[PDB]
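1. as a preliminary step, the opening chains of the complex are given here in situ:
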Amino acid sequence: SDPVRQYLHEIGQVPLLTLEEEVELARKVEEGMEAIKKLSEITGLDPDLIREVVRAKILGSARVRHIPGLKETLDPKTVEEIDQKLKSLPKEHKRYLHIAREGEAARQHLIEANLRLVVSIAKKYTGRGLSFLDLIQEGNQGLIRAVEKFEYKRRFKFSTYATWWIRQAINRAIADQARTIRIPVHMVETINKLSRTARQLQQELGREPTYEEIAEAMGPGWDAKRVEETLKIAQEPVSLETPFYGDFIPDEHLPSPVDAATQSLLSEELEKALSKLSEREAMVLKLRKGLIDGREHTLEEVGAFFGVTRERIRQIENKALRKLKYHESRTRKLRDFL
Amino acid sequence: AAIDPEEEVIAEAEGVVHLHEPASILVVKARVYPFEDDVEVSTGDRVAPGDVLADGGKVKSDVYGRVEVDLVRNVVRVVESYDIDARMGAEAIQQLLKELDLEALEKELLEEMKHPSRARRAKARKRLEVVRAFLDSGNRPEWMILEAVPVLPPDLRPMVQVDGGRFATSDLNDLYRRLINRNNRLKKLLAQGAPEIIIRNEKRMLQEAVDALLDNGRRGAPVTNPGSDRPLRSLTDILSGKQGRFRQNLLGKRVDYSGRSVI
C-alpha cells in the first residue's frame, strides 16, 4: 500500500554481488558487447539491431517493440528471421551468439544487483522538486549507463563508477523536470549559483544582500540589472487553487459585452464609408491599412493589383481619406471612437 | 585467464584438471545434457519435453524449462521451469476484460439465479446488473482501462500572467507533467531493455500518476506541490462537492445586473 516500502522489499530479494561475481558479470557483459561487434562483421547486419534481437530472446516474449534508432520494426516475425539467420552459422561463428546471449543475461543481473546503491544515493536528493521514487527511477537510468561503460579491467569496484552516472542522472532530472516552466540546465546552474552566493553574503552580512552586493560577488559581467532579470525568470508559478486565488483573476482575453458592442459598431459605422467612396477607392485602403490580409501592403505591392504605380495609388488613397474626412464633421460619428 | 598476461595459469605439460575450494556451491534444479558437435539451441530459450537441443537432433530435453548453454563444460543445462504467462498491472486486466463474452456470462449467471441459499441469488444479480449494463449500452468492459489518456483543453487549466507579471497556473498541469515524465521515462526504460524490477516500479508509478490526475487522494497518499500540504486539485475534486462544478457553477452562478446594499 506504500510504493517506497514495496520497492524497498523487491530490491532486497536480489542478493548483493561478491567481488568475484561482480567481476564475472561485468566480464561476461563486456565480452557479449564484443561478440556483437564481431557478429555484425560476419553477418553484415546492423550492430544495434543484432543486440536488440539478442535482448528480445533473453528477456522473453513479454517485451517486443520498435526501438527508435533501429530501422526494421521488431515484431516476432522479424526477430525469428534474424534468430534463424544467427542459428544458420558454423560452430566457430555461431559461438558468438551464445556469448552475446550470456552477456545480456549477465547485464540484467548486474543492474538488478546494484539497485540498492541507487536508493541510498537518491535518498539525499529528497525535496528538490522530485519525489523519492522519481529520484530512484532517474538514478536507475544512470545505472543502466554505468553498466554499458564499465571497464572491469581497470580493477575498480563497480560501485565507484556507477555512483558517477547515478549522481549525473539524478542531478539532471532535478534540473530538467522540477519546474513547471522548464529552464535550460545551464541556466539552472547559474540560478543556483546566485542562490548559493546570496546566502553566503547574507551569512556574513547579518542581512539580505542587495542586488549590487550579489553582482559584486558573482564576478565580472554581472551588474545589478542581470541579477534582477535572472531572478525575474527564476520565479516559479503560483497555484490558481491556492486558498481561491484564481477567483480574483479577471479574464482579459475574451472581449467583454461593451467591447464586442463597440467593435461591432465601429465596423457598422465604417462600412458606411465603403459606400460613399467607391469599390476600388474603398479597397486600396483595405490593403494599405491591412483589412484583408492583416499586413500593411505598401503602395508598391498594391501597384500589382490595379496596375497603377506608387503615385496614382497615393492620390487613390489620399482621395479616399480626404473625401472621408469631409464625411466626418457632417456625420460626427467616429470622434468618440478612441 | 587474468587481467594481464602474467598470472595466467598456462598448462606446462599434458595432464588433467581438478577443482577444489570453491567460493560457494550453487545447487540447481536442472537437467544436464552433454553434447559433441554443434548445439542448435542458444542460452535463454524455452523448451519442453521432446525439443531438439544439440548434435543435429540426437540429444533431446526430458523436462520443461530454460536453456543455459555452457561452453566451459560443453553441456546444455535445462533449468526446470514452465513457459507460464502471468502478468501484472492493467495490462493483465485489460486482457481479461477483452476476453469476456458478456452473452455467455449472462447465461451462466442466470443459470445460477435458480440456486437457493439467499447469498448466491443475490451476488449473481449484482454481477448480472453490471453485465446487462454493458450489453444494453454497447460499451465494452475493456474501456475502463485507459490506453490513450485525454487532455483537457488548455484554457480550462490556464497558465496566465497576473498583475505582478508573475504566473498563476492550474493544478492540472502539474498532475499532467507528473504523468508525462513517468510515461516518457517508461518509453525510454523499455527501449533500453531495463530489468523487470525497474520496469514494474515504473508501471506502478505510471498507475499512481493516472490516479492522481483523475481522483487525487482516493487511493494512497495525495500528491502535493512541495513545501505545502495542500492536495493538488484533481479532476474529481473539480467536479464534485459544494465547491465543485455542478453546485458552484451550474445550479447557481454569479450574475450581472445586480447589486446589494444595506436595507
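-> Thanks, I have the structure now. Numbers count the residues shown, from 1 in each chain, chains lettered A, B, ... in the order given.
2. which strand residues bridge the residue of the stretch 101-250 of chain B found nearest chain A?
-> Per CB to the nearest CB, residue B:167 is where the stretch 101-250 of chain B lies closest to chain A, at 3.9 Å. (Each C-beta comes from the backbone N, C-alpha and C, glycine too.) When assigned by DSSP bridges, residue B:167 has beta-bridge partners residue B:161.
3. secondary structure class for the closest residue to residue A:255 other than its chain neighbours?
-> Spatial nearest neighbour of residue A:255, excluding adjacent residues (CB to CB, 6 or more residues apart in numbering or on different chains): residue A:263 at 6.9 Å. Three-state assignment for residue A:263 (DSSP: H, G, I helix; E, B strand; the rest coil): helix.
4. cool, residue A:106 as well?
-> helix.
5. from what I can see it touches residue A:23, true?
-> No: taking contacts as CB atoms under 8 Å, residue A:106 lies outside contact range of residue A:23: 11.1 Å.
6. returning to what we had before: number of residues surrounding the residue nearest to residue A:255?
-> Neighbourhood size, residue A:263 [other CB atoms under 10 Å in any protein chain shown]: 11.
7. for it, give its distance to residue A:337.
-> Between residue A:263 and residue A:337 the computed distance is 10 Å (CB to CB, to the nearest Å).
8. what of residue B:131?
-> Residue B:131 sits 67 Å away from residue A:337, going by CB to CB.
9. between those two, who's got more neighbours?
-> Each of residue B:131 and residue A:337 has its neighbours counted (other CB under 10 Å); residue B:131 has more, 19 against 10.
10. ok and the residue in chain A nearest chain B?
-> For chain A, CB to the nearest CB, closest residue to chain B: residue A:237, 3.9 Å.
11. so the spatially closest residue to residue B:149 that is not a sequence neighbour is in which element?
-> Excluding the flanking residues, the one nearest residue B:149 by CB to CB, 6+ apart is residue B:210, at 6.6 Å. Per DSSP states H and E, residue B:210 falls inside helix B:196-215.
12. mind giving me the packing neighbours of the next helix or strand after that helix?
-> Scanning forward in sequence from helix B:196-215 by DSSP H and E, the next helix or strand is helix B:235-239. Helices and strands touching helix B:235-239, by 3 or more CB pairs under 8 Å, 6 or more residues apart in numbering or on different chains; DSSP states H and E, are helix B:196-215.
13. one more chain, chain C:
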Amino acid sequence: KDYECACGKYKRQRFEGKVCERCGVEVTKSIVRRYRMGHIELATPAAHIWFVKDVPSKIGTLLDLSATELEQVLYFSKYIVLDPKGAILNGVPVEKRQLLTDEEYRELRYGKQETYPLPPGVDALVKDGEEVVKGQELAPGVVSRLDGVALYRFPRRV
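-> Chain C added:
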C-alpha cells in the same frame, strides 16, 4: 490570437481553416483553446480509478475479483495467470486466473536454486556436476536445502 498563426505568416480572416506550414497552427477563433482536446498515448495501459475504487468495484465484480485482488494485480504485488502452459505449484497444476506471489512466479518461470557459501579454504565434500539429495552434506559445515545439479562457482585452487 483570433485568426492568426504562431509565427505570424497568416494573420486575418481571409485565411480560415488553413494550417500554416512554417508553424503548423490553424487560423480560427482562439476560443477553441477551450474546446480542443489533446491526448497522451500510454506506454502500457492504466486502469481508470473510478472503475477500480468505486465500491463494489465495477471491474472487480465483473471479473469475480476481490478488492484486495484488484489492488494486488493493478499495483504490482501479485501476478494473475492468463495461461499456465502446464505449470504446477506445490503439486496442484496452475489454474488460470490464479494469483502468484513473486516467489511462486520465479519458481515457475525461472526454476529454483540456492547458493551456500563455504568458509574460506574449507574444501567441498562433493564435486562439480553431480546430483544431490535434499539434506545431503556439501561441505563440513554446509548441507544442501534441495535437490538438483551442484555447481562450483569460483575454485580458488586448481
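14. please reconsider the nearest residue to residue B:149 now that chain C is part of the model.
-> The shortest distance from residue B:149 to any non-neighbouring residue, by CB to CB, 6+ apart, is to residue C:40 (4.5 Å).
15. chain center to the helix holding residue B:210: distance?
-> Offset of helix B:196-215 from its chain centre (CA atoms, centre = their mean, to the nearest Å): 8 Å.
16. for chain C, which residues are neighbours of chain A?
-> With the criterion set to CB under 8 Å from any CB of the partner chain, chain C comes near chain A through C:3-4, C:10-12, C:14, C:30-31, C:71, C:75-77, C:102, C:153-154.
17. in the stretch 151-300 of chain A, what residue is nearest chain C?
-> Nearest to chain C, among the residues of the stretch 151-300 of chain A, is residue A:294, at 3.4 Å (CB to the nearest CB).
18. contacting residues around residue A:262?
-> Residue A:262 makes contacts with residue A:337, as judged by CB atoms under 8 Å, 6 or more residues apart in numbering or on different chains.
19. for it, give its distance to residue C:2.
-> According to CB to CB, residue A:262 and residue C:2 sit 16 Å apart.
20. which stretches of the chain form strands?
-> No chain was given, so I picked chain A. Ranges of strands in chain A, per DSSP state E, are A:238-239.
21. could you do chain C instead?
-> C:38-47, C:79-83, C:88-89, C:92-93, C:99-100, C:113-117, C:137-139, C:142-143, C:149-152, C:155-157.
22. figure out how far the first one is from the centre of its chain.
-> This points to strand C:38-47. Relative to its parent chain, strand C:38-47 has a centroid offset of 16 Å by CA atoms, centre = their mean.
23. and if you look at stretch C:82-92?
-> With CA atoms, centre = their mean, you get 19 Å for stretch C:82-92.
24. do stretch A:219-227 as well
-> 28 Å.
25. and it, end to end?
-> Start and end residues of stretch A:219-227 are separated by 11 Å (CA to CA, to the nearest Å).
26. buried residues in it?
-> Within stretch A:219-227, the residues that count as buried by 16 or more other CB atoms under 10 Å in any protein chain shown are A:222, A:226, A:227.
27. and for the first one, nearest residue in space, chain neighbours not counted?
-> Right, residue A:222. Among residues not flanking residue A:222 along the chain, residue A:215 sits closest, at 4.2 Å (CB to CB, 6+ apart).
28. and that neighbour, how many residues sit next to it?
-> Neighbour tally, residue A:215, other CB under 10 Å: 21.
29. could you also fit chain D onto it:
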Amino acid sequence: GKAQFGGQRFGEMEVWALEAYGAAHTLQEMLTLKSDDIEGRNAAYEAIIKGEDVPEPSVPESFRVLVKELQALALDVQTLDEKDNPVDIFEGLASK
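-> Time to bring in chain D:
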C-alpha cells in the same frame, strides 16, 4: 466581491425561489444572458443599447466546461435531439 466590481451570487436557494414562482424566463436569463452565455450576454447588451428586446439565450459556457471536463475523465457526454442524433454544442469547433 465589491472590490472586483463583482456580481451577486444567485445560488442554489435563489434558483429554487425562481422555480417555486415558476418564473421560467427570469431564471433562464439568470443562467445565461446575465452570467456566462458569452454569445447571449454580448447580444443582450447590444440589444439594450439599441432598444431591441433581449435575444433568446444560447448555451452557457459553464456547461461546455462541464462537457470538456468529463471528456478529460474518459467519459463521453452527448447532447442529442429527439431522434437520438448527436447535437453539436461546440458549433463544429471541436471536431476534425
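30. what packs on helix B:235-239 again, this time with chain D added?
-> Using 3+ CB pairs under 8 Å, 6+ apart, helix B:235-239 sits against helix B:196-215, helix D:61-71.
31. whichever helix or strand comes after it: how far from the chain's middle?
-> Following helix B:235-239 in sequence order, the next helix or strand is helix B:245 (DSSP H and E). The chain centroid and the centroid of helix B:245 are separated by 33 Å under CA atoms, centre = their mean.
32. quick one: contacts of helix B:245?
-> Contact with helix B:245 is made by B:238, B:239, D:62, D:65, D:66, D:69, as judged by CB under 8 Å, 6+ apart.
33. can you check stretch A:116-133 too?
-> So stretch A:116-133 is contacted by A:3-4, A:7-8, A:11-12, A:16, A:135-136, A:138-140, A:142-143, A:159, A:162-163, A:166-167, A:170-171, A:173-174, A:177-179, B:201, B:205, B:226-227 (CB under 8 Å, 6+ apart).
34. quote the end-to-end distance of that stretch.
-> Counting by CA to CA, you get 13 Å between the two ends of stretch A:116-133.
35. stretch D:25-39 now?
-> This stretch, stretch D:25-39, spans 17 Å end to end (CA to CA).
36. need the winner for burial among the helices and strands packed on helix B:235-239.
-> Ranked by mean neighbour count, those are led by helix B:196-215 with a mean of 23 (mean count of other CB atoms under 10 Å in any protein chain shown).
37. that one and chain D in contact?
-> Yes: contact between helix B:196-215 and chain D, assessed by CB under 8 Å from any CB, occurs at residue B:214.
38. hmm, that helix touching chain C?
-> Yes: residues of helix B:196-215 contacting chain C under CB under 8 Å from any CB: B:200, B:201, B:203, B:204, B:206, B:207, B:208, B:210, B:211, B:214, B:215.
39. at the contact with chain A, which residues of chain D appear?
-> Going by CB under 8 Å from any CB, the residues of chain D near chain A are D:1, D:4, D:38, D:41, D:42, D:44, D:45, D:46, D:49.
40. one more time with 6 Å, if that's ok
-> Counting by CB under 6 Å from any CB of the partner chain, chain D comes close to chain A at D:41, D:42, D:45, D:46.
41. out of the residues you listed, who's the most crowded?
-> Compared across the residues of chain D next to chain A, residue D:41 has the highest neighbour count, 24 neighbours, by other CB under 10 Å.
42. excluding chain neighbours, give the residue nearest to that residue in space.
-> residue D:33 (5.2 Å).
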